[PDB]
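Data block below; observations after.
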2 protein chains.
Amino acid sequence: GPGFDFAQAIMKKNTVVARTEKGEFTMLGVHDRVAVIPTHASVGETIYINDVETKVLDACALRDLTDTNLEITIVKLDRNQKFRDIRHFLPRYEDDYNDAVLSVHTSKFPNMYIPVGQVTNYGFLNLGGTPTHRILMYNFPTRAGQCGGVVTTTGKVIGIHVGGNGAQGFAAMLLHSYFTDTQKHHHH
Amino acid sequence: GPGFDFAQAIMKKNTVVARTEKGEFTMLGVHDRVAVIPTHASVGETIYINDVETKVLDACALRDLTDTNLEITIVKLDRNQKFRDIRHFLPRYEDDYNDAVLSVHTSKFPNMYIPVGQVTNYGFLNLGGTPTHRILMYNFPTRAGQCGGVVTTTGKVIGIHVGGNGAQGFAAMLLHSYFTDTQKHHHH
């Protein structure tokens, strides 16, 4: 069934607890000192990472070419260790998936794994009043405190949890191309 | 690492959500219509099982020969399906264990898996003011709503969660001999 061993390896080497004015979130480190967190975390210029106050060197709230929220924020942090590079486990394209795990790492739940079954490419979602694109959906109840939970299948990190109603959960897609080294562009 | 596949098989075929005046508990079905739940659930003469009201035909709050609480209650239920017989997965003796999973099944968390690392035979525990014997301990924080969570290692169901402080969790041991067909004795 589920790739529990894979989800477990991602959680140990590549997640941290992040805390902003908005609360705590599971935060996925991706490569070097680059990580992701849901845009609703409202990242500022400092953040707590495992309860250590950390300078945010860069934060990019992703939107698509329709200027619509994608609900991922890519952050660059001022800290000493690099994350293990997990870009090769990121999907190239939008897709549907079988048998996913949602894993959570917070002060409340420091390591918890939830199979969520099939994951469908859902598309548009109205996410607490913000229109949002590129959403993945799983038919599992959602509870508070799971935001940023990392959604995996064996060998693939496919997105991060961003919301739910009492019956479904929603994750924001991760694509490999969000994290390729690139072009000289004024971003702020 | 952890036997996630084993814990998952136990959860699917052998647990139900039980609800008493005291709240909800993960309930482990053991064989026929016999199950266990923590003594602190305060089982009466009817109980809800997956939100269906069910007659309790028998409840035995286990104590040892020192007349001390063991915090397991064995219940016999009036319901149509039998549980898959999992007695052969019960340990013969007290023991310590490597790499356990704690799995929870409630309306809040319908399927959640938590590795808790090493499990030690701890013995005496003062459990909210009730002295209690035969306790297993794991060095993992405890959160509310996990009572009755089933503690496994691959091929062994070793106990059920009964409490914790902010740093450790405690499970009540399950032993094979709690469930062998037996002698003619007035029990009530």
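The way I read the labels, and the way they are meant: chains A, B, ... in the order of the structure tokens, residue 1 as the first residue of every chain, and ligand 1 as the first ligand shown, with later ones counted on from there.
Residue-level contact on chain B: within 10 Å of chain A, counting only C-alpha atoms, the set is residues 1, 2, 3, 4, 5, 8, 102, 103, 107, 108, 109, 110, 111, 112, 113, 114, 115, 116, 140, 141, 142 and 143 of chain B.
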Selection above as a file: N, CA and C atoms, as a JSON list (two decimals), in the first residue's frame:
[["chain", "number", "residue", "atom", "x", "y", "z"],
["B", 1, "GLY", "N", 12.52, 0.23, 8.99],
["B", 1, "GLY", "CA", 12.11, 0.80, 10.32],
["B", 1, "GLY", "C", 10.78, 0.21, 10.82],
["B", 2, "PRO", "N", 9.83, 1.08, 11.22],
["B", 2, "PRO", "CA", 8.52, 0.63, 11.74],
["B", 2, "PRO", "C", 7.74, -0.32, 10.78],
["B", 3, "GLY", "N", 6.99, -1.29, 11.35],
["B", 3, "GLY", "CA", 6.02, -2.11, 10.58],
["B", 3, "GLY", "C", 4.71, -1.35, 10.41],
["B", 4, "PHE", "N", 4.72, -0.40, 9.46],
["B", 4, "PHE", "CA", 3.56, 0.39, 9.04],
["B", 4, "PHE", "C", 2.53, -0.44, 8.32],
["B", 5, "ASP", "N", 2.99, -1.35, 7.49],
["B", 5, "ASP", "CA", 2.06, -2.24, 6.84],
["B", 5, "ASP", "C", 1.29, -3.10, 7.85],
["B", 8, "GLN", "N", -1.22, -1.07, 9.82],
["B", 8, "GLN", "CA", -2.29, -0.66, 8.94],
["B", 8, "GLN", "C", -3.31, -1.79, 8.79],
["B", 102, "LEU", "N", 2.14, 3.57, 17.10],
["B", 102, "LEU", "CA", 0.91, 3.83, 17.80],
["B", 102, "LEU", "C", -0.06, 4.27, 16.71],
["B", 103, "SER", "N", -1.18, 3.57, 16.53],
["B", 103, "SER", "CA", -2.18, 3.90, 15.51],
["B", 103, "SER", "C", -3.49, 4.26, 16.15],
["B", 107, "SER", "N", -13.33, 9.50, 15.39],
["B", 107, "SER", "CA", -14.02, 10.42, 14.44],
["B", 107, "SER", "C", -13.12, 11.61, 14.06],
["B", 108, "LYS", "N", -12.42, 12.16, 15.05],
["B", 108, "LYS", "CA", -11.38, 13.16, 14.82],
["B", 108, "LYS", "C", -10.21, 12.66, 13.89],
["B", 109, "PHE", "N", -9.48, 11.61, 14.32],
["B", 109, "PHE", "CA", -8.42, 11.03, 13.49],
["B", 109, "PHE", "C", -8.82, 9.63, 13.00],
["B", 110, "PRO", "N", -9.45, 9.52, 11.80],
["B", 110, "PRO", "CA", -9.96, 8.16, 11.47],
["B", 110, "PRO", "C", -8.86, 7.10, 11.13],
["B", 111, "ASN", "N", -7.65, 7.57, 10.79],
["B", 111, "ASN", "CA", -6.48, 6.70, 10.55],
["B", 111, "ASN", "C", -5.16, 7.44, 10.59],
["B", 112, "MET", "N", -4.44, 7.28, 11.68],
["B", 112, "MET", "CA", -3.22, 8.01, 11.90],
["B", 112, "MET", "C", -2.16, 7.11, 12.55],
["B", 113, "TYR", "N", -0.92, 7.23, 12.08],
["B", 113, "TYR", "CA", 0.15, 6.35, 12.51],
["B", 113, "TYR", "C", 1.32, 7.16, 13.03],
["B", 114, "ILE", "N", 1.79, 6.79, 14.21],
["B", 114, "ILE", "CA", 2.85, 7.52, 14.89],
["B", 114, "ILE", "C", 3.92, 6.53, 15.37],
["B", 115, "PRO", "N", 5.12, 6.58, 14.78],
["B", 115, "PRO", "CA", 6.23, 5.81, 15.35],
["B", 115, "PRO", "C", 6.62, 6.42, 16.69],
["B", 116, "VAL", "N", 6.90, 5.57, 17.68],
["B", 116, "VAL", "CA", 7.12, 6.04, 19.02],
["B", 116, "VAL", "C", 8.47, 5.51, 19.53],
["B", 140, "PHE", "N", 7.76, 9.58, 23.64],
["B", 140, "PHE", "CA", 7.11, 10.40, 22.63],
["B", 140, "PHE", "C", 6.07, 11.29, 23.33],
["B", 141, "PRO", "N", 5.94, 12.57, 22.88],
["B", 141, "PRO", "CA", 4.91, 13.33, 23.59],
["B", 141, "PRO", "C", 3.55, 12.61, 23.48],
["B", 142, "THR", "N", 2.62, 12.92, 24.39],
["B", 142, "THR", "CA", 1.24, 12.43, 24.26],
["B", 142, "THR", "C", 0.26, 13.59, 24.12],
["B", 143, "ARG", "N", -0.71, 13.39, 23.23],
["B", 143, "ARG", "CA", -1.77, 14.37, 23.02],
["B", 143, "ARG", "C", -3.12, 13.73, 23.36]]
- Message: Need the shell around residue A:82: protein/DNA/RNA residues with any atom at most 9 Å away, counting only C-alpha atoms. Skip same-chain ones fewer than 3 positions apart. Format as number ranges by chain?
- Response: A: 29, 31-34, 79, 85
- Do a neighbour search on residue B:22 at 12 Å with only C-alpha atoms, toss out local chain neighbours closer than 4 positions, and write the hits as a ChimeraX atom specification. /B:18,37-44,47-48,145,147
- Query: Neighbours of residue A:98 within 9 Å (only C-alpha atoms; same-chain residues fewer than 4 positions away dropped), as a PyMOL selection string?
  - Reply: chain A and resi 2+117-120+153
Any chance you could export the current selection's N, CA, C and O atoms as a PDB file, in the first residue's frame?
ATOM      1  N   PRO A   2       0.556   2.213   0.925  1.00  0.00           N
ATOM      2  CA  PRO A   2       1.299   3.493   1.009  1.00  0.00           C
ATOM      3  C   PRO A   2       2.839   3.334   1.157  1.00  0.00           C
ATOM      4  O   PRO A   2       3.290   2.364   1.807  1.00  0.00           O
ATOM      5  N   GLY A 117      -5.410   8.034   0.491  1.00  0.00           N
ATOM      6  CA  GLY A 117      -5.927   7.383  -0.708  1.00  0.00           C
ATOM      7  C   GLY A 117      -5.611   8.124  -2.002  1.00  0.00           C
ATOM      8  O   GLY A 117      -4.488   8.624  -2.202  1.00  0.00           O
ATOM      9  N   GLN A 118      -6.581   8.186  -2.902  1.00  0.00           N
ATOM     10  CA  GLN A 118      -6.291   8.683  -4.210  1.00  0.00           C
ATOM     11  C   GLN A 118      -6.233  10.184  -4.135  1.00  0.00           C
ATOM     12  O   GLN A 118      -6.974  10.803  -3.376  1.00  0.00           O
ATOM     13  N   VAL A 119      -5.346  10.746  -4.946  1.00  0.00           N
ATOM     14  CA  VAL A 119      -5.150  12.183  -5.026  1.00  0.00           C
ATOM     15  C   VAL A 119      -5.475  12.633  -6.447  1.00  0.00           C
ATOM     16  O   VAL A 119      -4.855  12.177  -7.413  1.00  0.00           O
ATOM     17  N   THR A 120      -6.450  13.523  -6.585  1.00  0.00           N
ATOM     18  CA  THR A 120      -6.833  13.958  -7.916  1.00  0.00           C
ATOM     19  C   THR A 120      -6.432  15.408  -8.154  1.00  0.00           C
ATOM     20  O   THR A 120      -6.454  16.226  -7.239  1.00  0.00           O
ATOM     21  N   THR A 153       3.896  10.084  -2.409  1.00  0.00           N
ATOM     22  CA  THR A 153       3.773   8.663  -2.810  1.00  0.00           C
ATOM     23  C   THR A 153       5.211   8.123  -2.883  1.00  0.00           C
ATOM     24  O   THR A 153       6.143   8.925  -2.989  1.00  0.00           O
TER      25      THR A 153
END
- Select from stretch 34-169 of chain B everything DSSP, run on the backbone, classes as strand (DSSP E or B), then give the selection as a VMD selection string. chain B and resid 34 to 38 46 to 49 52 to 63 69 to 77 83 97 to 104 112 to 127 130 to 138 150 to 153 156 to 164 169
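Considering only C-alpha atoms, the residue among B:139, B:15, B:50, B:81 positioned nearest to residue B:165 is B:139.
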- Message: Set the distance at 6 Å and use only C-alpha atoms: which residues neighbour residue B:90 once local chain neighbours fewer than 4 positions away are removed? I'd like the list as a count of residues only.
- Response: 4
- Query: If you run DSSP on this backbone, which residues of chain B come out as helix (DSSP H, G or I), and could you give them as a PyMOL selection string?
  - Reply: chain B and resi 4-14+39-41+87-89+176-179
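The residue that comes closest to residue B:105, out of B:56, B:150, B:179, B:51 and on the basis of only C-alpha atoms, is B:150.
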- Task: Extract, using only C-alpha atoms, all DNA, RNA and protein residues at most 12 Å from residue A:126, discarding same-chain residues fewer than 2 positions from it, and format them as a ChimeraX atom specification.
- Result: /A:68-71,122-124,128-135,162-165,170
- Query: Got a sec: who's within 6 Å of residue B:152, counting only C-alpha atoms, leaving out chain neighbours fewer than 5 positions off, as an MDAnalysis selection string?
  - Reply: chainID B and resid 100:101 157:158
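Atom pair atom CA of residue A:45 / atom CA of residue A:73 has a distance of 13.1 Å (rounded to one decimal).
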